[PDB]
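**Q** enclosed are the sequence and the experimentally obtained structure.
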Amino acid sequence: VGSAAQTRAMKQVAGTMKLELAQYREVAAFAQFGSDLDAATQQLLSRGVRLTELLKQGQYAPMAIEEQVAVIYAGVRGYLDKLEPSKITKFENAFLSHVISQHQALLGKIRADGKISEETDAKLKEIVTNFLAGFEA
Amino acid sequence: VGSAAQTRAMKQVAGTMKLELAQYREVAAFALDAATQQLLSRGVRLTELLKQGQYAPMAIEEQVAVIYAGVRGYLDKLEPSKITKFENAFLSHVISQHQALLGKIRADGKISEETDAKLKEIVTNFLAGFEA
Amino acid sequence: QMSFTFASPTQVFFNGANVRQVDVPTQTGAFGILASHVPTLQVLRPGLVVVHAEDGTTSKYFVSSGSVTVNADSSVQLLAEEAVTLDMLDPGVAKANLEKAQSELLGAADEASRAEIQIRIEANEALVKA
Amino acid sequence: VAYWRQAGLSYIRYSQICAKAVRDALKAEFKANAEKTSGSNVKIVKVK
Amino acid sequence: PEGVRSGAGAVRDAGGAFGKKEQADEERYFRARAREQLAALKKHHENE
Amino acid sequence: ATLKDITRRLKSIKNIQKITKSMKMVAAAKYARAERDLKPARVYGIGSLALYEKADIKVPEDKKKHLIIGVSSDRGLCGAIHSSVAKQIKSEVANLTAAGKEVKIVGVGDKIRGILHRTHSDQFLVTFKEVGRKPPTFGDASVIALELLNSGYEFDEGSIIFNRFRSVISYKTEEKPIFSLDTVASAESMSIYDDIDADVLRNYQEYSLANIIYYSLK
């Protein structure tokens, strides 16, 4: 059935996530000795290993759609490149709580319209940068 | 059975051969001198001792003596190719000239300090004399 | 009337270039090379080497140690362990290293280690001049 | 014969010392040449 | 999906030449280090 | 001949092939950098040996024995690289012992020590280690040359054996002579040079040894 059963908002992020995770599979064998490689391959490895950690989840705790969109948006833009892989889950856990407590009217628009408009993209860009700067590991 | 039914004399020299062969198998197959060379040098000797002919079984005490010679290291200098001749000649000599010693092991059922003292002298003297 | 090759274990400055003269601060005094100089074989000492081009310009380099060879023809091979230019140097750190090396002399106990210290102070004092 | 000679020092040792001294004086920006030199990568195993 | 798909550790499960060749090398390499560790234990305990 | 045996045997080779395939690209990436740095070192290596080339020097018939140096690495899976060097090392010693000398062999690289240990254990003078993991540098040649002179052994002749890169698919084995002995250096042809001394020649031979070693490794 494919993309005919997705909302407009999820489609935009999942389109890029699909290709970025498809490129990583054909070079995953090189991961053991990757030091003696060019920068292009190491960039694919770096982005793929970051994207893998986001898909892990707990048990008996389903999420909501706009929170999934908000989580994946930071991942696909490269805002998590400099972090070490050991700390991705803690960052996701803290970011969800921060966005839930204060920024509720923003999530209302994503839930209502089902698509990411221009101004909402502009707002999310500032939100993620502010939180990332303030995280302090 | 856990060796519940086994003579006391045989256990002393077989329990130690088990470890030698178990440690020989785990390393000496690759399709340093402190540990590895000595290990397979002993193992190749120990393997050659177990070969046997046909229609000729042995009594228990003679097996005890022949294994006692190998386990203690009295044969770590000879080339492995000539071990069988040494086994045969030493068995014939021990059977003929030392018939009183075997009866002690058969009757007692276990080795003793005096027996252990005797065997070393017999083994060293015959090894010295047997170079042909 | 010259084939000059100023090579290093890493890079090459000249390869068969023709220049009028080269001045080398070797051991046992200075030197001057022009036209058909007499054959010689001498090692170098820390100093500055200048090469005069045919046009007239003078290129400068700093050499730590190596060998010099002028053969029967006008072929000269100057192979040096080090070859650097002043523009990537700091005079202040040179003066600080010299200042420490000064007290290192009295700090020394044995004559061999003090000989090494003397080589240190010799190199430091040689380089701070320019 | 100089002071370094007849003092337990060889010409190679003197060259090493002078090269190290020259490399020290370089600017911190250009100090990546220590990576290129990296003269210590060979170990010595004697007969006994 | 229809074909034969391999996994992790399949080389040592077949028990061919390569499995035993792999096993003996690890056995030797880790038989070598225990002597140094024991010698350093004895020296440390004797020193203090 | 059952189904399980076939399945296991197939699943082992499926992994072996991928391991080899992934190991090929790393060697290509290393070969690119190894080729890049050869050109600057070739001119230095050739320039070191010009003097001996111009003025021919021939060693006499003495009995101070040789100093044979063979260069290799510590890693296998490289075809017949080490065997070719170890073939000529044992060939030269027979001719050397025909005349009769106290020749000694020094090898840099663990495989060279391992191959020839059985038949030439006594002739070994000193051996080195930790070669090939990272690209060689001049400091390693300095260390080897420094450790070579401190040995009490003295020689009148010597040679070094190495493999010379010719093409991406071929190579040639060769050796070069050493005339580092001061006495043989002082000959008739050297009279043209007229500012020499014993100290100067001693230092000059000292430097030429390290130059040849560095060129051979690179």
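**A** On my side now, so go ahead. Residues are numbered from 1 along each chain as shown, chains lettered A, B, ... in the order given.
**Q** let's verify the residue of chain A found nearest chain D: helix, strand, or coil?
**A** Among residues of chain A, the one nearest chain D by Cβ to the nearest Cβ turns out to be residue A:35. It sits 15.3 Å away. In short, each C-beta sits where N, CA and C put it, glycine included. Of the three states, residue A:35 takes coil according to DSSP: H, G, I helix; E, B strand; the rest coil.
**Q** now do stretch F:125-143: distance to the chain's middle.
**A** Here the centre of mass of C-alpha atoms in stretch F:125-143, compared against the chain's by Cα atoms, centre = their mean, to the nearest Å, lies 11 Å away.
**Q** what's the closest non-adjacent residue to the residue lying farthest from the centre of chain A?
**A** Checked against the mean C-alpha position of chain A, the extreme residue using Cα atoms, centre = their mean is residue A:36, at a distance of 28.7 Å. With sequence-adjacent residues excluded and distances taken as Cβ to Cβ, 6 or more residues apart in numbering or on different chains, residue A:36 is closest to residue F:26, at 4.8 Å.
**Q** now that neighbour: how far from residue C:76?
**A** 43 Å (Cβ to Cβ, to the nearest Å).
**Q** the residue farthest from the centre of chain A: what's it in contact with?
**A** Contacts for residue A:36 (Cβ atoms under 8 Å, 6 or more residues apart in numbering or on different chains) come out as F:26, F:29-30.
**Q** returning to what we had before: more neighbours: residue F:26 and residue C:76, which one.
**A** When residue F:26 and residue C:76 are compared on other Cβ atoms under 10 Å in any protein chain shown, the one with more neighbours turns out to be residue C:76, at 20 against 15.
**Q** picking that back up, tell me the one among the contacts of residue A:36 nearest to chain B.
**A** residue F:26 (25.5 Å).
**Q** what packs against the helix or strand containing that closest one?
**A** With elements taken from DSSP states H and E, the one containing residue F:26 is helix F:3-36. Packed against helix F:3-36, as judged by 3 or more Cβ pairs under 8 Å, 6 or more residues apart in numbering or on different chains; DSSP states H and E, are the following elements: helix E:10-13.
**Q** the helix it packs on vs chain A: in contact?
**A** No - taking Cβ under 8 Å from any Cβ of the partner chain as the criterion, helix E:10-13 and chain A are apart, separated by no less than 14.7 Å.
**Q** which residue packs closest to residue F:61, ignoring adjacent ones?
**A** Counting by Cβ to Cβ, 6+ apart, residue F:61 lies nearest to residue F:99, which is 7.7 Å off, once chain neighbours are set aside.
**Q** number of residues surrounding that neighbour?
**A** Neighbouring residues of residue F:99 were enumerated by other Cβ under 10 Å; the total is 11.
**Q** now do the phi/psi pair for it.
**A** Comment: the main-chain dihedrals of residue F:99 come out as phi -80, psi -40, following degrees, to the nearest 10.
**Q** now swap in the one 4 residues further on and tell me
**A** Comment: the main-chain dihedrals of residue F:103 come out as phi -70, psi 150, following degrees, to the nearest 10.
**Q** Provide a list of residues in contact with the closest residue to residue D:39 other than its chain neighbours.
**A** With Cβ to Cβ, 6+ apart as the measure, residue F:139 is the residue that lies nearest to residue D:39, at 1.6 Å, once sequence neighbours are left out. Shown here is residue F:139, whose contacts under the criterion Cβ under 8 Å, 6+ apart are D:37-41.
**Q** what of residue F:174?
**A** By Cβ under 8 Å, 6+ apart, the contact list for residue F:174 reads F:161-162, F:164.
**Q** that's a strand at it, yeah?
**A** Yes - with three-state DSSP as the criterion, residue F:174 is located in a strand.
**Q** show me which positions of the helix holding residue F:26 end up buried.
**A** Along helix F:3-36, these residues count as buried under the neighbour rule (16 or more other Cβ atoms under 10 Å in any protein chain shown): F:8, F:11-12, F:15.
**Q** out of those, which one sits closest to residue F:110?
**A** Checking the buried residues of helix F:3-36 against residue F:110 with Cβ to Cβ, the nearest one is residue F:15 at 28.6 Å.
**Q** ok, stretch D:8-20 near chain F or not?
**A** Yes - legend: contact between stretch D:8-20 and chain F by Cβ under 8 Å from any Cβ is shown at D:10-13, D:15-16.
**Q** can you pull out the strands in chain D?
**A** D:43-45 (DSSP state E).
**Q** host element of the residue nearest to residue A:76 when sequence neighbours are not counted?
**A** Take residue A:76 and drop its neighbours on the chain: the residue closest to it by Cβ to Cβ, 6+ apart is residue A:16, 5.1 Å away. Under the assignment given by DSSP H and E, the secondary-structure element containing residue A:16 is helix A:8-25.
**Q** for the helix or strand following that helix, packing partners?
**A** Moving toward the C-terminus from helix A:8-25, the first helix or strand encountered (DSSP H and E) is helix A:39-54. Under the contact criterion of 3+ Cβ pairs under 8 Å, 6+ apart, helix A:39-54 touches helix A:8-25, helix A:65-76, helix A:88-101.
**Q** and the residue most central in space within chain F, bridged to which residues?
**A** Residue closest to the mean C-alpha point of chain F, counted by Cα atoms, centre = their mean, is residue F:71 at 2.9 Å. When assigned by DSSP bridges, residue F:71 has beta-bridge partners residue F:108.
**Q** thought it was touching residue F:108?
**A** Yes - assessed by Cβ atoms under 8 Å, residue F:71 is found in contact with residue F:108 at 5.4 Å.
**Q** which of the residues of stretch D:8-20 next to chain F has the largest number of neighbours?
**A** Ranked by neighbour count (other Cβ under 10 Å), those have residue D:15 at the top, with 23 neighbours.
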